[PDB]
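Peer 1: The file below is query-v8.txt, compact mmCIF, C-alpha atoms and all ligand atoms:
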# COMPACT_ATOMS: atom_id res chain seq x y z
CA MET A 1 0.00 0.00 0.00
CA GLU A 2 2.99 2.44 0.21
CA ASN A 3 2.59 2.66 -3.63
CA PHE A 4 -0.88 4.39 -3.27
CA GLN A 5 -1.89 7.95 -2.27
CA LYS A 6 -5.54 8.33 -1.20
CA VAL A 7 -7.25 11.27 -2.94
CA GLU A 8 -10.92 11.08 -1.86
CA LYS A 9 -13.52 8.69 -0.34
CA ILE A 10 -15.86 7.62 -3.21
CA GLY A 11 -18.09 5.06 -1.44
CA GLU A 12 -18.97 3.31 1.85
CA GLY A 13 -19.85 0.03 0.16
CA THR A 14 -21.25 -3.30 1.32
CA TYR A 15 -17.80 -5.10 1.44
CA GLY A 16 -15.72 -2.02 2.43
CA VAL A 17 -14.82 1.66 1.90
CA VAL A 18 -13.71 2.73 -1.62
CA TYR A 19 -11.22 5.53 -2.27
CA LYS A 20 -10.03 7.35 -5.35
CA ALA A 21 -6.24 6.82 -5.22
CA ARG A 22 -3.07 7.43 -7.21
CA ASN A 23 -0.62 4.56 -7.97
CA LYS A 24 2.87 6.10 -7.55
CA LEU A 25 4.59 3.34 -9.68
CA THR A 26 2.74 4.00 -13.03
CA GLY A 27 0.86 7.31 -12.24
CA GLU A 28 -2.45 5.48 -12.53
CA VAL A 29 -5.68 6.80 -10.92
CA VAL A 30 -7.59 3.83 -9.40
CA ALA A 31 -10.41 2.91 -7.01
CA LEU A 32 -8.93 1.32 -3.90
CA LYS A 33 -11.26 -0.85 -1.83
CA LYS A 34 -10.15 -1.88 1.65
CA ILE A 35 -12.00 -5.10 2.65
CA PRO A 36 -9.43 -16.44 4.90
CA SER A 37 -7.93 -18.65 2.13
CA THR A 38 -11.35 -19.27 0.47
CA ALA A 39 -11.76 -15.47 -0.16
CA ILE A 40 -8.28 -15.02 -1.68
CA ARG A 41 -8.97 -17.83 -4.18
CA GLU A 42 -12.50 -16.63 -5.12
CA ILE A 43 -11.32 -13.02 -5.51
CA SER A 44 -8.36 -14.25 -7.65
CA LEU A 45 -10.91 -15.87 -10.06
CA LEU A 46 -12.45 -12.39 -10.53
CA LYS A 47 -9.14 -10.99 -11.83
CA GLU A 48 -9.77 -13.11 -15.02
CA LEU A 49 -13.49 -12.16 -15.33
CA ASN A 50 -12.78 -9.34 -17.76
CA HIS A 51 -15.38 -7.66 -19.96
CA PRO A 52 -15.92 -4.09 -21.22
CA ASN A 53 -19.05 -3.76 -19.07
CA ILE A 54 -17.37 -5.05 -15.84
CA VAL A 55 -15.24 -2.67 -13.80
CA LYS A 56 -11.73 -3.99 -14.11
CA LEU A 57 -10.12 -5.64 -11.08
CA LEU A 58 -6.48 -4.50 -11.53
CA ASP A 59 -4.91 -6.15 -8.47
CA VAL A 60 -5.56 -8.02 -5.24
CA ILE A 61 -3.22 -7.06 -2.34
CA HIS A 62 -3.27 -9.18 0.87
CA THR A 63 -1.09 -7.48 3.60
CA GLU A 64 -1.15 -7.43 7.49
CA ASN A 65 -4.45 -9.48 7.58
CA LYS A 66 -6.09 -6.67 5.44
CA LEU A 67 -7.26 -7.22 1.84
CA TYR A 68 -7.17 -4.33 -0.69
CA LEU A 69 -8.76 -4.53 -4.12
CA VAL A 70 -7.42 -2.16 -6.80
CA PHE A 71 -10.00 -1.33 -9.44
CA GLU A 72 -10.38 0.76 -12.49
CA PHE A 73 -11.79 4.19 -11.62
CA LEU A 74 -14.87 5.74 -13.23
CA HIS A 75 -16.01 9.26 -12.44
CA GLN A 76 -19.72 8.82 -11.72
CA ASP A 77 -22.30 6.22 -10.69
CA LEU A 78 -25.80 5.72 -12.04
CA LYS A 79 -27.35 6.86 -8.72
CA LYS A 80 -25.80 10.31 -9.19
CA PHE A 81 -26.67 10.46 -12.93
CA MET A 82 -30.30 9.54 -12.19
CA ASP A 83 -30.47 12.22 -9.48
CA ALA A 84 -28.90 14.79 -11.89
CA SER A 85 -31.41 13.76 -14.64
CA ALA A 86 -34.55 13.67 -12.41
CA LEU A 87 -36.14 16.94 -13.62
CA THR A 88 -35.80 16.03 -17.33
CA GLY A 89 -35.41 12.23 -17.35
CA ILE A 90 -32.66 10.13 -18.88
CA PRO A 91 -33.39 10.07 -22.64
CA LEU A 92 -34.90 6.75 -23.72
CA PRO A 93 -32.07 5.97 -26.20
CA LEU A 94 -29.53 6.28 -23.32
CA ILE A 95 -31.70 4.16 -20.96
CA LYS A 96 -31.84 1.57 -23.73
CA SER A 97 -28.07 1.70 -24.30
CA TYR A 98 -27.35 1.34 -20.60
CA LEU A 99 -29.76 -1.57 -20.20
CA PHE A 100 -28.29 -3.29 -23.28
CA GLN A 101 -24.71 -2.88 -21.99
CA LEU A 102 -25.62 -4.11 -18.50
CA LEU A 103 -27.33 -7.18 -20.03
CA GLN A 104 -24.12 -7.86 -22.02
CA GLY A 105 -22.15 -7.71 -18.80
CA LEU A 106 -24.55 -9.99 -16.99
CA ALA A 107 -24.69 -12.44 -19.92
CA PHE A 108 -20.90 -12.67 -19.70
CA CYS A 109 -20.75 -13.19 -15.91
CA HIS A 110 -23.63 -15.64 -15.98
CA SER A 111 -21.96 -17.70 -18.77
CA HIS A 112 -19.02 -18.10 -16.35
CA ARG A 113 -21.50 -19.07 -13.47
CA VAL A 114 -20.72 -15.78 -11.62
CA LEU A 115 -23.58 -13.89 -10.04
CA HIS A 116 -23.56 -10.29 -8.92
CA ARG A 117 -26.29 -10.77 -6.22
CA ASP A 118 -26.43 -7.07 -5.24
CA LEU A 119 -27.04 -4.93 -8.34
CA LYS A 120 -28.07 -1.35 -7.52
CA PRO A 121 -27.48 2.06 -9.09
CA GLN A 122 -24.59 2.74 -6.59
CA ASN A 123 -22.54 -0.11 -8.13
CA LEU A 124 -23.21 0.82 -11.83
CA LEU A 125 -20.47 3.16 -13.04
CA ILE A 126 -20.53 5.40 -16.09
CA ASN A 127 -18.00 7.29 -18.20
CA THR A 128 -18.05 10.15 -20.68
CA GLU A 129 -17.92 7.76 -23.68
CA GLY A 130 -21.40 6.29 -23.04
CA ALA A 131 -20.24 3.13 -21.28
CA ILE A 132 -21.80 1.66 -18.16
CA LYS A 133 -20.07 -1.00 -16.03
CA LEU A 134 -20.98 -3.37 -13.22
CA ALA A 135 -18.86 -3.14 -10.03
CA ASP A 136 -18.50 -5.78 -7.23
CA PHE A 137 -19.30 -8.75 -9.53
CA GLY A 138 -18.42 -11.89 -7.51
CA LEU A 139 -17.60 -10.39 -4.03
CA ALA A 140 -20.90 -11.65 -2.54
CA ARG A 141 -19.75 -15.31 -3.08
CA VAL A 142 -28.13 0.06 5.84
CA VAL A 143 -27.94 -2.39 2.90
CA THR A 144 -30.62 -1.44 0.37
CA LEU A 145 -33.33 -4.10 -0.26
CA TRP A 146 -34.94 -2.24 -3.14
CA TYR A 147 -33.50 -4.41 -5.88
CA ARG A 148 -33.74 -7.80 -4.05
CA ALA A 149 -35.39 -10.66 -5.93
CA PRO A 150 -38.45 -12.17 -4.25
CA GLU A 151 -36.87 -15.63 -3.99
CA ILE A 152 -34.10 -14.15 -1.83
CA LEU A 153 -36.67 -12.40 0.37
CA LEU A 154 -38.65 -15.68 0.65
CA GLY A 155 -35.56 -17.58 1.91
CA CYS A 156 -34.20 -19.44 -1.12
CA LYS A 157 -30.58 -20.21 -0.19
CA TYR A 158 -29.62 -21.61 -3.65
CA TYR A 159 -30.83 -18.83 -5.88
CA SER A 160 -29.78 -18.42 -9.49
CA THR A 161 -28.58 -15.90 -12.08
CA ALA A 162 -32.23 -14.78 -12.32
CA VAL A 163 -31.69 -12.65 -9.18
CA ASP A 164 -29.56 -10.26 -11.24
CA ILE A 165 -32.17 -9.99 -13.97
CA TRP A 166 -34.74 -9.01 -11.32
CA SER A 167 -32.45 -6.28 -9.93
CA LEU A 168 -31.74 -4.96 -13.41
CA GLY A 169 -35.48 -4.86 -14.20
CA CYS A 170 -36.03 -2.77 -11.05
CA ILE A 171 -33.23 -0.41 -12.20
CA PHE A 172 -34.69 -0.17 -15.76
CA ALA A 173 -38.09 0.81 -14.30
CA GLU A 174 -36.40 3.42 -12.09
CA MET A 175 -34.54 4.98 -15.03
CA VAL A 176 -37.84 5.28 -16.95
CA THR A 177 -40.08 6.60 -14.18
CA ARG A 178 -37.49 8.56 -12.13
CA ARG A 179 -38.60 6.82 -8.94
CA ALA A 180 -37.54 3.58 -7.30
CA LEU A 181 -39.94 0.76 -8.19
CA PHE A 182 -39.96 -1.02 -4.78
CA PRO A 183 -38.34 1.18 -2.09
CA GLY A 184 -38.82 -1.17 0.84
CA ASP A 185 -37.38 -0.33 4.24
CA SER A 186 -37.59 -3.83 5.73
CA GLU A 187 -37.75 -7.32 4.26
CA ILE A 188 -41.51 -7.57 4.74
CA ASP A 189 -42.10 -4.03 3.43
CA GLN A 190 -40.00 -4.98 0.40
CA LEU A 191 -41.95 -8.17 -0.21
CA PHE A 192 -45.33 -6.49 0.30
CA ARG A 193 -44.40 -3.62 -2.10
CA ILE A 194 -43.58 -6.27 -4.71
CA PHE A 195 -46.87 -8.05 -4.04
CA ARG A 196 -48.96 -4.86 -4.24
CA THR A 197 -47.61 -4.18 -7.76
CA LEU A 198 -47.20 -7.66 -9.22
CA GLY A 199 -49.87 -9.49 -7.16
CA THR A 200 -49.31 -11.85 -4.26
CA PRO A 201 -47.61 -14.89 -5.80
CA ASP A 202 -49.38 -18.22 -5.72
CA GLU A 203 -48.86 -21.76 -6.99
CA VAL A 204 -50.39 -20.78 -10.36
CA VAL A 205 -47.81 -18.13 -11.27
CA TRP A 206 -44.92 -19.57 -9.19
CA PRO A 207 -45.03 -23.33 -8.64
CA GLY A 208 -43.35 -24.16 -5.35
CA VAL A 209 -43.72 -20.62 -3.89
CA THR A 210 -45.95 -21.74 -0.98
CA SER A 211 -43.25 -24.20 0.28
CA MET A 212 -40.46 -21.59 0.43
CA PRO A 213 -38.89 -21.07 3.87
CA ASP A 214 -40.24 -17.60 4.62
CA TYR A 215 -43.52 -17.99 2.71
CA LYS A 216 -46.55 -17.46 4.98
CA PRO A 217 -50.07 -18.54 4.02
CA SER A 218 -51.20 -15.45 5.99
CA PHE A 219 -49.65 -13.04 3.45
CA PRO A 220 -52.31 -10.63 2.20
CA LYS A 221 -53.61 -11.43 -1.28
CA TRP A 222 -53.15 -8.39 -3.56
CA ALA A 223 -54.25 -8.32 -7.18
CA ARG A 224 -51.67 -7.59 -9.88
CA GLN A 225 -51.36 -4.12 -11.62
CA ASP A 226 -50.86 -3.53 -15.39
CA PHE A 227 -47.36 -2.48 -16.40
CA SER A 228 -49.01 0.42 -18.33
CA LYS A 229 -49.78 1.87 -14.82
CA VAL A 230 -46.39 0.93 -13.35
CA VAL A 231 -43.93 2.33 -15.98
CA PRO A 232 -45.62 4.97 -18.15
CA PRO A 233 -44.58 6.17 -20.80
CA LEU A 234 -42.54 3.06 -21.63
CA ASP A 235 -43.56 1.54 -24.97
CA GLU A 236 -44.93 -1.93 -25.51
CA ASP A 237 -41.56 -3.49 -26.31
CA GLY A 238 -40.03 -2.06 -23.15
CA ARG A 239 -43.01 -3.11 -21.00
CA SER A 240 -42.93 -6.64 -22.46
CA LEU A 241 -39.23 -6.95 -21.70
CA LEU A 242 -39.64 -5.52 -18.19
CA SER A 243 -42.49 -7.95 -17.47
CA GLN A 244 -40.23 -10.85 -18.43
CA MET A 245 -37.44 -9.52 -16.20
CA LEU A 246 -39.89 -9.32 -13.26
CA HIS A 247 -41.52 -12.78 -13.57
CA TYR A 248 -41.94 -14.25 -10.12
CA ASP A 249 -40.74 -17.74 -10.97
CA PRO A 250 -36.95 -17.43 -11.45
CA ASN A 251 -37.22 -20.24 -14.02
CA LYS A 252 -39.66 -18.20 -16.18
CA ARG A 253 -37.64 -14.99 -15.81
CA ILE A 254 -35.81 -14.02 -19.03
CA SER A 255 -32.12 -14.70 -19.22
CA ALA A 256 -29.63 -11.92 -20.02
CA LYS A 257 -28.75 -13.63 -23.33
CA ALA A 258 -32.46 -13.89 -24.37
CA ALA A 259 -33.08 -10.29 -23.23
CA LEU A 260 -30.37 -9.07 -25.64
CA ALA A 261 -32.42 -10.53 -28.52
CA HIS A 262 -35.60 -8.76 -27.43
CA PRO A 263 -37.19 -6.41 -29.99
CA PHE A 264 -36.76 -3.47 -27.57
CA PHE A 265 -33.08 -3.43 -28.64
CA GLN A 266 -33.72 -3.49 -32.44
CA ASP A 267 -32.96 0.27 -32.56
CA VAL A 268 -30.35 0.42 -29.83
CA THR A 269 -27.55 3.01 -30.14
CA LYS A 270 -24.72 4.30 -27.94
CA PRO A 271 -25.43 7.96 -27.05
CA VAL A 272 -22.97 10.04 -25.09
CA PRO A 273 -24.40 11.25 -21.74
CA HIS A 274 -24.38 14.78 -20.40
CA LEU A 275 -22.04 14.54 -17.34
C1 LIG B 1 -18.48 10.49 -5.10
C2 LIG B 1 -19.93 10.12 -4.98
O1 LIG B 1 -20.50 10.01 -3.89
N1 LIG B 1 -20.71 9.91 -6.18
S1 LIG B 1 -20.15 10.00 -7.75
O2 LIG B 1 -19.41 11.20 -8.01
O3 LIG B 1 -21.20 9.65 -8.66
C3 LIG B 1 -19.08 8.71 -7.82
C4 LIG B 1 -17.78 8.89 -8.37
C5 LIG B 1 -16.94 7.80 -8.54
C6 LIG B 1 -17.34 6.52 -8.15
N2 LIG B 1 -16.53 5.39 -8.36
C7 LIG B 1 -16.72 4.14 -7.84
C8 LIG B 1 -15.95 3.11 -8.13
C9 LIG B 1 -14.87 3.12 -9.12
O4 LIG B 1 -14.51 4.11 -9.74
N3 LIG B 1 -14.36 1.84 -9.21
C10 LIG B 1 -15.04 0.99 -8.30
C11 LIG B 1 -14.83 -0.34 -8.12
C12 LIG B 1 -15.59 -1.02 -7.13
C13 LIG B 1 -16.51 -0.28 -6.44
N4 LIG B 1 -17.34 -0.84 -5.44
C14 LIG B 1 -18.16 0.07 -5.02
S2 LIG B 1 -18.06 1.68 -5.69
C15 LIG B 1 -16.76 1.09 -6.67
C16 LIG B 1 -16.02 1.76 -7.60
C17 LIG B 1 -18.65 6.34 -7.62
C18 LIG B 1 -19.47 7.44 -7.45
Would you write out, as structure tokens, the structure that this file holds?
Ligand SMILES: CC(=O)NS(=O)(=O)c1ccc(N/C=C2\C(=O)Nc3ccc4ncsc4c32)cc1

Peer 2:
Amino acid sequence: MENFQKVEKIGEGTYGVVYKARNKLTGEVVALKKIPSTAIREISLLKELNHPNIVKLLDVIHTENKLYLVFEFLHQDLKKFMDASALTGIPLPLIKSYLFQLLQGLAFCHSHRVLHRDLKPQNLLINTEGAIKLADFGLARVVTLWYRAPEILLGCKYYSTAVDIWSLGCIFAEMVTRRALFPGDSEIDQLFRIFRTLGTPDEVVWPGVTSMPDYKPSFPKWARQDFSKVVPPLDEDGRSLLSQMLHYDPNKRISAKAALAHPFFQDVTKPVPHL
């Protein structure tokens, strides 16, 4: 760590604090994250999980029982860009570009059996060229519950890649409407917000749901809402895609690879954002 000079704190993340830092032996500006043999080996697998839409893990430094991760630095996160764009809205072509790029990133991770597990606007980083990148991919193997898939909330311990599709669908809806889709402030508030919008799940729409660990037969039974009410003014292609990303049954939920082939992306482009 004597090779790095901290510049500024850029995040109080889930796995540790992140700093903007300067590498004295190359002049490189990086994101330095200050965090057992199992962890060293899993984190070393992530050094090879390289893709243009995944924030690059430059180095892993284990010293004095402390673990530091050296990452590529990007100047803004999607949380800030959404806040800066709240009065006007992110233009649809840019929403579409960001969603497309994030699906490419997830399709890549998922093809290597790597899950993110905690997608949220705070760990989606953007640059001036129009790129968006996923940060903290693989580290999971007040914390926000807003983007949590219902199977996690219902106690599934062996959840799948579908959890990341759910989170990304929540983020897509939030870019379009300029408001979080399900801003729960407890696990039950989170689950009940999901149920009030998408209907209380049952054995018809989600076979096996009633036998999940935290499922309660006493859950209130809410009727489902139309997506035309939930994400106006998103067009029919976008609503169709979103509905497939928010299917209750993780097995029915669209995969990242199938989402990339959805007609919503027929006219996708790569606009440059106003930062
Ligand atoms: C500074 C602030 O609060 N918001 S911001 O200006 O929008 C802003 C600016 C810069 C950043 N970078 C964040 C990171 C970065 O560059 N690589 C990583 C790698 C891992 C990682 N795990 C959590 S975060 C993060 C970053 C974020 C926000």

Peer 1: Suppose you want the space between atom CA of residue A:89 and atom CA of residue A:171; what is it in Å?

Peer 2: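 So the answer is 13.8 Å.
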
Peer 1: Please determine, counting only C-alpha atoms, which residue among A:62, A:133, A:221, A:193 has the shortest atom-to-atom distance to residue A:153.

Peer 2: A:193

Peer 1: Restricting the calculation to only C-alpha atoms: of A:17, A:231, A:57, A:254, which residue gets closest to residue A:43?

Peer 2: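 Ranking A:17, A:231, A:57, A:254 by distance to residue A:43, first place goes to A:57.
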
Peer 1: Which residue out of A:144, A:161, A:197, A:128 has the minimum interatomic distance to residue A:113 when all atoms listed in the file are used?

Peer 2: A:161

Peer 1: Compile the contact shell of stretch 22-24 of chain A as JSON, numbers by chain: residues with an atom at most 8 Å away, counting all atoms listed in the file, same-chain residues fewer than 2 positions apart removed.

Peer 2: {"A": [3, 4, 5, 6, 7, 20, 26, 27, 28, 29, 30]}

Peer 1: For a quick check of understanding, using all atoms listed in the file, which of A:126, A:202, A:115, A:100 has the smallest distance to ligand LIG 1 (chain B)?

Peer 2: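 Smallest distance to ligand LIG 1 (chain B) is found for A:126.
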
Peer 1: Which value, in Å to one decimal, gives the distance between atom CA of residue A:192 and atom CA of residue A:152?

Peer 2: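 It comes out at 13.8 Å.
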
Peer 1: Let me see if you get this right: every residue at most 8 Å from ligand LIG 1 (chain B), counting only C-alpha atoms and all ligand atoms, written as an NGL selection string.

Peer 2: :A and (9-14 or 17-20 or 30-33 or 55-57 or 70-81 or 122-123 or 125 or 135-136)

Peer 1: Would you export the selected residues with C-alpha atoms as a PDB file, in the coordinates of the input, please?

Peer 2:
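The result, written out as selection36.pdb:
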ATOM      1  CA  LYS A   9     -13.520   8.690  -0.340  1.00  0.00           C
ATOM      2  CA  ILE A  10     -15.860   7.620  -3.210  1.00  0.00           C
ATOM      3  CA  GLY A  11     -18.090   5.060  -1.440  1.00  0.00           C
ATOM      4  CA  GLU A  12     -18.970   3.310   1.850  1.00  0.00           C
ATOM      5  CA  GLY A  13     -19.850   0.030   0.160  1.00  0.00           C
ATOM      6  CA  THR A  14     -21.250  -3.300   1.320  1.00  0.00           C
ATOM      7  CA  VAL A  17     -14.820   1.660   1.900  1.00  0.00           C
ATOM      8  CA  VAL A  18     -13.710   2.730  -1.620  1.00  0.00           C
ATOM      9  CA  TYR A  19     -11.220   5.530  -2.270  1.00  0.00           C
ATOM     10  CA  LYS A  20     -10.030   7.350  -5.350  1.00  0.00           C
ATOM     11  CA  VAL A  30      -7.590   3.830  -9.400  1.00  0.00           C
ATOM     12  CA  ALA A  31     -10.410   2.910  -7.010  1.00  0.00           C
ATOM     13  CA  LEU A  32      -8.930   1.320  -3.900  1.00  0.00           C
ATOM     14  CA  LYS A  33     -11.260  -0.850  -1.830  1.00  0.00           C
ATOM     15  CA  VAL A  55     -15.240  -2.670 -13.800  1.00  0.00           C
ATOM     16  CA  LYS A  56     -11.730  -3.990 -14.110  1.00  0.00           C
ATOM     17  CA  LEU A  57     -10.120  -5.640 -11.080  1.00  0.00           C
ATOM     18  CA  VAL A  70      -7.420  -2.160  -6.800  1.00  0.00           C
ATOM     19  CA  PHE A  71     -10.000  -1.330  -9.440  1.00  0.00           C
ATOM     20  CA  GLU A  72     -10.380   0.760 -12.490  1.00  0.00           C
ATOM     21  CA  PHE A  73     -11.790   4.190 -11.620  1.00  0.00           C
ATOM     22  CA  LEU A  74     -14.870   5.740 -13.230  1.00  0.00           C
ATOM     23  CA  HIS A  75     -16.010   9.260 -12.440  1.00  0.00           C
ATOM     24  CA  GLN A  76     -19.720   8.820 -11.720  1.00  0.00           C
ATOM     25  CA  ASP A  77     -22.300   6.220 -10.690  1.00  0.00           C
ATOM     26  CA  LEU A  78     -25.800   5.720 -12.040  1.00  0.00           C
ATOM     27  CA  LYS A  79     -27.350   6.860  -8.720  1.00  0.00           C
ATOM     28  CA  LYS A  80     -25.800  10.310  -9.190  1.00  0.00           C
ATOM     29  CA  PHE A  81     -26.670  10.460 -12.930  1.00  0.00           C
ATOM     30  CA  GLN A 122     -24.590   2.740  -6.590  1.00  0.00           C
ATOM     31  CA  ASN A 123     -22.540  -0.110  -8.130  1.00  0.00           C
ATOM     32  CA  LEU A 125     -20.470   3.160 -13.040  1.00  0.00           C
ATOM     33  CA  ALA A 135     -18.860  -3.140 -10.030  1.00  0.00           C
ATOM     34  CA  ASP A 136     -18.500  -5.780  -7.230  1.00  0.00           C
TER      35      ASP A 136
END

Peer 1: Excluding residue A:178 and any residue of its chain fewer than 3 positions from it, enumerate the residues within 10 Å of it, using all atoms listed in the file, and give them as a list in words.

Peer 2: residues 82, 83, 85, 86, 87, 88, 89, 90, 171, 172, 173, 174, 175, 181 and 231 of chain A

Peer 1: Can you work out the spacing between atom CA of residue A:185 and atom CA of residue A:245 in Å, to one decimal?

Peer 2: 22.4 Å

Peer 1: Which residue is closest to residue A:168? Choose from A:208, A:243, A:130, A:195 and count only C-alpha atoms.

Peer 2: A:243

Peer 1: Identify, on the basis of only C-alpha atoms, every residue whose closest approach to residue A:98 does not exceed 10 Å; exclude the query and any residue fewer than 3 positions from it along the same chain; express the result as a ChimeraX atom specification.

Peer 2: /A:53,78,92-95,101-104,124,126,130-133,172,175,268-271

Peer 1: Let me make sure I understand: among A:61, A:134, A:258, A:154, which one has the smallest atom-to-atom distance to residue A:214 if we use all atoms listed in the file?

Peer 2: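 Nearest candidate to residue A:214 out of A:61, A:134, A:258, A:154: A:154.
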
Peer 1: Would you kindly return, as a list in words, each protein, DNA or RNA residue with an atom no farther than 9 Å from any atom of residue A:242, considering all atoms listed in the file and excluding same-chain residues fewer than 3 positions away?

Peer 2: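 Here the answer would be residues 169, 170, 172, 173, 227, 237, 238, 239, 245, 246 and 247 of chain A.
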
Peer 1: Store the residues picked out above in a file with C-alpha atoms, as a short mmCIF file (atom, residue, chain, number, x, y, z; two decimals), keeping the file's coordinate frame.

Peer 2:
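Writing done, so here's out32.cif:
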data_model
loop_
_atom_site.label_atom_id
_atom_site.label_comp_id
_atom_site.auth_asym_id
_atom_site.auth_seq_id
_atom_site.Cartn_x
_atom_site.Cartn_y
_atom_site.Cartn_z
CA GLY A 169 -35.48 -4.86 -14.20
CA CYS A 170 -36.03 -2.77 -11.05
CA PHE A 172 -34.69 -0.17 -15.76
CA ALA A 173 -38.09 0.81 -14.30
CA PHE A 227 -47.36 -2.48 -16.40
CA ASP A 237 -41.56 -3.49 -26.31
CA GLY A 238 -40.03 -2.06 -23.15
CA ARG A 239 -43.01 -3.11 -21.00
CA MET A 245 -37.44 -9.52 -16.20
CA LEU A 246 -39.89 -9.32 -13.26
CA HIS A 247 -41.52 -12.78 -13.57
#

Peer 1: List the neighbours of residue A:198 out to 8 Å using all atoms listed in the file; skip same-chain residues closer than 6 positions along the sequence, and give me the result as a ChimeraX atom specification.

Peer 2: /A:223-225
